[PDB]
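# Structural overview
Next come the chains, spelled out residue by residue.
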Amino acid sequence: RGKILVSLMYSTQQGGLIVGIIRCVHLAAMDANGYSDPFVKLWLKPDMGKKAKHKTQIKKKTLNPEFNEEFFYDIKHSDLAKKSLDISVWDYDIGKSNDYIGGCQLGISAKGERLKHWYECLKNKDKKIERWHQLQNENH
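The text that follows walks through the structure, step by step, so that each part is easy to find.

### Some remarks on the layout of surface pockets
The space that makes up the largest pocket amounts to roughly 230 Å³. What lines the largest pocket is a set of 14 residues, and nearest its centre among them are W43, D86, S88, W90 and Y100. Among the elements of the structure, strand 3 (38–45), strand 5 (84–91) and strand 6 (99–107) are those that each provide at least two residues to the lining of the largest pocket. No other element matches the four residues that strand 3 contributes to the lining of the largest pocket. Within the lining of the largest pocket, the residues separate by chemical class into five nonpolar, four polar and five charged. If you go around the second largest pocket, the residues you meet are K3, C104, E113, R114, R131, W132, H133, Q134 and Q136.

### A look at helix 2 (residues 114–123)
Along helix 2, the residues classified as buried are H117, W118, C121 and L122. The arc enclosing the buried residues of helix 2, seen along the axis, measures out at 145°, which places them on a common side. Those residues of helix 2 that are exposed and aimed more than 90 degrees away from the buried face are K116 and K123.

### Structural notes on the pattern of salt bridges
Counted under the stated rule, the structure contains one salt bridge. For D31, the salt bridge identified is with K61, shortest N-O distance 4.0 Å. Of this pair, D31 sits in the loop between strand 2 (16–25) and strand 3 while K61 sits in the loop between strand 3 and strand 4 (66–70), and the two are 30 residues apart along the sequence. For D31, a relative accessible area of 26% puts it in the partly exposed group. A residue is classified by how much of its surface remains accessible, and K61, at 53% relative accessible area, is exposed.

### What about the pairing of strand 6?
In terms of residue burial, strand 6 counts as a mostly covered element, since seven of its nine residues are buried. Pairing analysis gives eight bridges linking strand 5 to strand 6, with the strands arranged antiparallel. Bridge pairing links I87 to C104 in strand 6.

### Details of the packing of aromatic side chains
Scanning the model with the defined rule gives one aromatic pair in all. For the ring pair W90 and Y100, a centre distance of 3.5 Å and an interplane angle of 10° mean the geometry is stacked. On the criterion of sequence distance, the pair formed by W90 in strand 5 and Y100 in strand 6 is long-range, its members being 10 residues apart. The same class applies to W90 as to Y100, namely buried.

### A few points about the environment of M30
Turning to its location among the elements, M30 is positioned in the loop between strand 2 and strand 3. Residue class for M30 comes out partly exposed when judged on its relative accessible area of 31%. Between the C-alpha atoms of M30 and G112, which are 82 residues apart in sequence, the distance is 31 Å. When residues no more than four places from it in sequence are discounted, the contact partners of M30 are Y35, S36, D91, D99, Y100 and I101.

### A few points about the sheet that holds strand 5
The strand order across the open sheet formed by three strands is 3-5-6, and the pairing between neighbours is antiparallel. Taken across any chain shown, the strands that pair with only one partner, and hence form the sheet edges, are strand 3 and strand 6. The average undirected angle you get between the axes of adjacent strands in this sheet is 15°. Sheet contacts for helix 2: strand 3, strand 5 and strand 6; angle to strand 6, the most-contacted strand, approximately 65°.

Basis of the calculations
Residues numbered from 1 in each chain as written, not as in the entry; some residues may be left out. Heavy atoms only, no water. 1 Å grid on protein atoms, 1.4 Å probe; cavity = no way out; pocket = protein on both sides within 12 Å on 5 of 7 lines; lining within 4 Å. Points joined across faces, edges and corners; volume = space filled by probe spheres on them. Helix = DSSP H or I, 4+ residues; strand = E, 2+ residues; numbered from the N terminus. Nonpolar A, V, L, I, M, F, W, Y, C, P; charged D, E, K, R; others polar. Buried < 20%, exposed > 50% of the residue type's maximum accessible area, 1.4 Å probe, protein only. Arc of directions from axis to C-beta. Salt bridge = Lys/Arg side-chain N within 4 Å of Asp/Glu carboxyl O. Pairing = 2+ DSSP bridges. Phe/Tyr/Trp six-rings, centres within 6.5 Å; stacked < 30°, edge-to-face > 60°. Contact = heavy atoms within 4.5 Å. Axes fitted to C-alpha atoms, helices over the stretch in contact; angles between N-to-C directions.

Here you go:
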């Protein structure tokens, strides 16, 4: 499936969270060429609206591209923790439909590892918290 580098960071000043989609590696190939067009979509829940979802630039013809996209969430730090960032990577296709490659969930409600990276973000607001996440298959 591959892994995607996610850089977190909360801006208390602005009163919101910051999601940074750096890059991905070891991504699957959707084309017969042995490559793919993976992109990353982010959605924090429970959310406040139906626009909490996102999608980084399309990394066409590549399994180990670099997004380097900095997002901005509108959630109160006090709620951040309880939040749950869903970073999913999907394959893109011109003239056709997309595809599910893999993703992961990031919410303080988690336990094991994601809580360490996510939660810490709440502690290291102004500080950038980045790390590599292992892509998983939820609903293919």
